[PDB]
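Residue numbers (the authors' numbering), protein chains in the order written: chain G, 70 to 119, 125 to 203, 208 to 233; chain N, 2 to 69, 96 to 179, 197 to 202; chain n, 15 to 43, 62 to 107, 112 to 209, 213 to 263; chain m, 239 to 299, 308 to 311, 323 to 399; chain t, 55 to 102, 136 to 217, 222 to 317. Every residue gets a Cβ at the ideal spot worked out from N, C-alpha and C, and that includes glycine.
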Amino acid sequence: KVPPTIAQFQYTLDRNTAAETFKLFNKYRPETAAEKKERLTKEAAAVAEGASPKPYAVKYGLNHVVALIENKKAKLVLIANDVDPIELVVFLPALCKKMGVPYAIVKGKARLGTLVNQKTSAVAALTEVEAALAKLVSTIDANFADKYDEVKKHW
Amino acid sequence: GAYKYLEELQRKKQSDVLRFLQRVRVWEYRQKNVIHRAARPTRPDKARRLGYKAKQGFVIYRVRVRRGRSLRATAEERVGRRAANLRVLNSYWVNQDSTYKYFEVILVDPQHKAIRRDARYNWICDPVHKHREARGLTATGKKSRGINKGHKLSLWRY
Amino acid sequence: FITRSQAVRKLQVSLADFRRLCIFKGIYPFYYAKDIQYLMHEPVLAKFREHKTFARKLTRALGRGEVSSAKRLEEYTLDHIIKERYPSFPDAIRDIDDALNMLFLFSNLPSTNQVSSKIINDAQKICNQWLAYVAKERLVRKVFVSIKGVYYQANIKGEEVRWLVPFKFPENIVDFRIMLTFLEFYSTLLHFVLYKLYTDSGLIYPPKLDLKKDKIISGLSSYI
Amino acid sequence: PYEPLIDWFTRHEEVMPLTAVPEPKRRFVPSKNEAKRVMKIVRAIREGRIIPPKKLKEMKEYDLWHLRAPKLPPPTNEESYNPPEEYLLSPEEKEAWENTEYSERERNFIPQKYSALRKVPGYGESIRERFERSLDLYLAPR
Amino acid sequence: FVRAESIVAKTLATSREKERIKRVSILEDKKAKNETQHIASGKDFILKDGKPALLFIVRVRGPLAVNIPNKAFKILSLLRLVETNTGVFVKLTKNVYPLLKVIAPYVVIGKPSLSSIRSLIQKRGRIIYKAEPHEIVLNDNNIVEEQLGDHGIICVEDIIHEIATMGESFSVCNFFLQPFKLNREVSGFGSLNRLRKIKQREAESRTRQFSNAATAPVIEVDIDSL
RNA sequence: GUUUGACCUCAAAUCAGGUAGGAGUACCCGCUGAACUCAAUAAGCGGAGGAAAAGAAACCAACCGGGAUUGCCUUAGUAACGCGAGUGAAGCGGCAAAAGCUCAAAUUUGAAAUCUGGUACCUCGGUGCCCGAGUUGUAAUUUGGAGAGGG
RNA sequence: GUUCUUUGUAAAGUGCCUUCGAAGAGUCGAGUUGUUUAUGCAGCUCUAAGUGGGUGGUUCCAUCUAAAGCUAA
RNA sequence: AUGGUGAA
């Protein structure tokens, strides 16, 4: 029988809210290798012949995502359920709850990574966004963090 | 980093979560062959602190050894025998059973150009390190040899 | 000799691509082994495999998302086959008599899901060059007005091509896939044949063309 | 065996971050690690081994001169739009030709006559004949 | 079952379409009265008049799935352009001029060419008549010589001349032509078709744009595209 | 939308790029180990090089501190044991040579900046292009002698 | 020595002011059972700490940071 | 005793 600390996944965000979260994340897809390379080539050509606002992108790497967490810099955290090493993500929801940061779980690590170029991403987070982020956070809260606040129970 | 938390989580092995994980993984390991390739290390923190890296050329193996010679050294030798072209740099525990013990072993390919082209691991390609586990030069082998620090006929011409 | 299924399995190429390969090369009885062996050495197999890999990678990109990757992924002619089947230009002219009927029929077909508009445009433009060349060397010798159409016979260096001009009336619409492959092969042949004929005629190729006249009649009254 | 967990620690929220690491200038500077690559590309362009992107578009640009005879089909046989009056066969023979079994059918056309050019009908069987000939064009044993 | 978002989107689109139609109709009613005292504009212009001019119109799909509105639906039914990718030639007139704005969002208009008209007529054509469900194509001129030709339109070339020269029999022939069902652009789905459709859709936004302004100039694009 | 692709896993190749068997074995590294305390000796097993191994202290030290590892003299036939046959060292001291160090470990996040393979040029490799590995972590910056951010 | 290149808001060190500031777990350890020249190793139940821990002798002191690795003489 | 040899 699964312990109460396990099975927190599998029970994940609903269809509509998950789709909305995916759509919101698609608005800040990080520049891919080809796009970054072509942009750098264009910049070099412009400078070689004849100073920009800070960029924004989704956070995906586990190490730096956790680094942003604990510092309270993570506005939202999205976690995959089918990750093979469960211990990598067992403590992440607990850390997010302790730090007071919204968090959510999704089914399919590959689908999580498809919005961040990489084949798989395990977890994802956002640092900056326009205004639908607050509504999405409220929906995620009311649908998973407060409705299923009894995750500590059952087996 | 996640490793800072993963190490502490793995420290409390008797905890419910790790107890469930071990009993879940024991059946999967048993269903596998005696020696089989592992796509990724089940204990990434341990492997990473053991000098293993995810770059190309690194291979993780797993092997089952009967319980009841040092088990770690026997497992290393067994994996090296099948993996003739690989070098058994180190191995570590992952799971134990009543009748069998499971130890994960990380292998480094010396023939791969990636391993030879970096100065941090090119030393392993030298012929001196061939069959390192056979001579017990690994961490388990050195410990078994008793290479501790401290207390723990000749005739000249005149 | 090996069976058709056996040859396909040896080539491990789906029947759809095997049809194209056979049409380009030509293999028939049950089939002689030597022909299959020669086909297996053709470079067209590598190009077909590359196209299949491109399609599967494009599908992967579309399923994953990031359409920019699919757009960036977008980055051939059977010249060798032409020499094999046509050892010399007179041989190509000889084979024209039956090959070009398909092209001339396609020149007047309507655009549909089975035929892209580009194919019809290319077929129509090829006529704009064929008729233009024939109207300069004055090789027309027959003008039989048949029910199937005006049976032209241009004395193309003494082979009397029997090409038929379909009527301008709507040709209401068989497996067009084979017809599509035949049209592609005939267009590839036509490119080089027209190049050679224009070079022989002494006119600089490609010559200038008038589009305002094309917007009036759209046909031979253009492209000098 | 079956008991719930206790959220003794996951009930209060920290205010200050766990660490007071100083803020690095790089976070406030435009990606010097990226200016390095920009200047590397500038050097490569200066050396001339890298083509500017415009030249790539500007450069996105010839006369090349079992093999039995195909046996071409016979030429036209009195299928003219204005054929001799004697060649306009009776309807009974035309009906038999139309009802004749396919493939085995000998004639590839139906006799007809039209005086006015504008009255000439458009051929509807042109595609079928071409499709039939396509089979022989590559399936013929030769 | 249908998800909520679709209904809300359809309602929002219908509201905007109805508001635009009402505003355009109200402005045109005052413009016709010639008061032209407290309206945005009174004159008409085209940028890229109500003078006679033969134009080709193509029924495009979109905008979003707005429920059929009475005014635009009836106007399309007059031209029987309900089906997508269908087009018909209409004689431009001052009375017909407001119809462009009335059904601008659903159709694209432009000035055709003699070669384009000839090719379209000789390549496509329908005669839905003698049970008379047959979609017989203009195979022969015998039908044109019998049913038509009372006014001298005996062959297809006569129909082409009437359409291009706006002859007396233009109304009769146009109705007889049973306007053609032009093939859609991509006409496919699957591995390559998805990407081709996505690439083509980008040009639609830059070409088929509606400013929604009451005094918006008539949208015109060259028919040479197809 | 019962169609689909991803991710994960399981198989196949007269596919491309790679490697282990065996021999020698004086020396070396581990397992096993017999008899006149004999002996952690001989034989047997597995693995390597010109040396092997060890090597930069959870060391020795009770001093006015030394300061990687290994060899020689000395310590010493002493400490210690079996006090009985026999076994039996080590610090310090002098001699020959001396070398340092690398990752886990704290955010590169204003840019996975990393690298294998295929291709076109000049070739113990370098450049452009393409793919793949990579986020379940590839480069620089830190290895306790601390170290990082800034002025 | 001879040379063609030297570079891009590129890299490093040092003293001053200031703020931050980690450590190899079925592992040490413990009991037993076999081996060892009363050290160590091995099988096995238990198996933890970080102003913490390992080795020693005097009323608790001296030194070091183990459970990863490379390195000619 | 070690490691091999063969046979009814």
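Under 9 Å between C-beta atoms, does residue i make it to chain G?
i, result
"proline 255(m)", "yes"
"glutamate 98(n)", "yes"
"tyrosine 62(N)", "no"
"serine 182(n)", "no"
Using a Cβ-Cβ cut-off of 7 Å (strictly less than) and excluding sequence neighbours within five positions of residue i, which residues of its own chain qualify?
i, result
"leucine 90(n)", "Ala102 and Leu105"
"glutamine 269(t)", "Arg213, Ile214 and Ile215"
"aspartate 219(G)", "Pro176"
"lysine 184(n)", "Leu200"
"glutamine 192(G)", "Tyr134"
"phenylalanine 15(n)", "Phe62, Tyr63, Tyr64 and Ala65"
"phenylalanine 224(n)", "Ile37, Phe38 and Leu114"
"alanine 67(t)", "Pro150, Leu151 and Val153"
Are the C-beta atoms of residue i and some chain m residue less than 9 Å apart?
i, result
"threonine 74(G)", "yes"
"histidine 138(G)", "no"
"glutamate 236(t)", "yes"
"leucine 109(G)", "yes"
"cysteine 163(n)", "no"
"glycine 174(G)", "yes"
"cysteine 246(t)", "yes"
I believe residue i touches residue j by the beta-carbon criterion, under 8 Å. Please report the beta-carbon distance rounded to the nearest angstrom.
i, j, result
"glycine 52(N)", "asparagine 137(G)", "Wrong, their Cβ atoms sit about 18 Å apart, outside the cutoff."
"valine 64(N)", "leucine 113(N)", "Contact flag wrong, Cβ pair sits at about 13 Å."
"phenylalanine 231(n)", "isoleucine 117(n)", "Between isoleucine 117(n) and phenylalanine 231(n) the Cβ distance is about 12 Å, and since that is not below 8 Å, they are no contact."
"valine 153(t)", "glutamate 71(t)", "5 Å"
"residue 15(t)", "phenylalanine 205(n)", "This structure does not reach residue 15(t), given that chain t is present from 55 up to 317, and the question cannot be answered."
Bridge partners of residue i, per DSSP?
i, result
"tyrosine 188(n)", "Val179(n)"
"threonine 173(t)", "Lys272(t)"
"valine 309(t)", "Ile100(t)"
"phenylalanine 143(t)", "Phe176(t) and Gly197(t)"
"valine 99(n)", "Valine 99(n) is not bridged to any residue."
"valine 60(N)", "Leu134(N)"
Let me see if you follow: with CB-CB separation under 9 Å, is residue i close to chain t or not?
i, result
"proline 368(m)", "no"
"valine 280(m)", "no"
Leaving out five residues on either side along the sequence, give the residues of the same chain with a beta carbon under 6 Å from the beta carbon of residue i.
i, result
"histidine 139(N)", "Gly58"
"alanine 168(n)", "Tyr262"
"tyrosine 119(N)", "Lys47 and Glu131"
"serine 195(G)", "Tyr134, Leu186 and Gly187"
"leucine 166(t)", "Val175"
Please confirm whether residue i has its beta-carbon closer than 9 Å to some beta-carbon of chain n.
i, result
"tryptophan 311(m)", "yes"
"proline 348(m)", "no"
"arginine 399(m)", "yes"
In chain order, what residues of the same chain lie with their CB nearer than 8 Å to the CB of residue i, ignoring the 5 residues before and after it?
i, result
"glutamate 236(t)", "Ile245 and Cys246"
"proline 75(n)", "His116"
"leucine 162(G)", "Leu136 and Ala196"
"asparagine 221(G)", "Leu82, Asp83 and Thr86"
"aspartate 214(n)", "none"
Closer than 8 Å: is that where the CB of residue i sits relative to any heavy atom of the ligand MN?
i, result
"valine 175(t)", "Among the ligands in the structure shown, none appear at all, so the ligand MN cannot be discussed."
Please tell me whether residue i has its Cβ less than 9 Å away from any Cβ of chain N.
i, result
"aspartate 156(G)", "no"
For this session: Flag this pair as touching only if the stretch 144 to 160 of chain G and the stretch 221 to 233 of chain G have three or more C-beta atom pairs under 8 Å; answer yes or no.
Result: no
Exercise. Is the stretch 103 to 110 of chain G touching the stretch 168 to 183 of chain G in the sense that three or more CB pairs, one from each, lie closer than 8 Å?
Worked result: At 8 Å Cβ cutoff, the stretches do not touch.
Exercise. Any chance the stretch 250 to 269 of chain m sits against the stretch 74 to 82 of chain G, with 3 or more Cβ pairs inside 8 Å?
Worked result: Touching, no, given that fewer than three Cβ pairs across the two stretches are closer than 8 Å.
Exercise. Are the stretch 177 to 194 of chain n and the stretch 121 to 135 of chain n touching by the rule of at least three beta carbon pairs closer than 8 Å?
Worked result: They touch, by the three-pair rule.
Exercise. Does the stretch 191 to 206 of chain t come close enough to the stretch 142 to 157 of chain t that 3 or more CB-CB pairs lie under 8 Å?
Worked result: yes
Problem set entry | the stretch 280 to 294 of chain t / the stretch 171 to 186 of chain t touching (three or more Cβ pairs under 8 Å) | In this structure the stretch 280 to 294 of chain t does not touch the stretch 171 to 186 of chain t; the number of beta carbon pairs closer than 8 Å is below three.
Problem set entry | At least 3 beta-carbon pairs within less than 8 Å: the stretch 173 to 182 of chain n vs the stretch 245 to 254 of chain n | no
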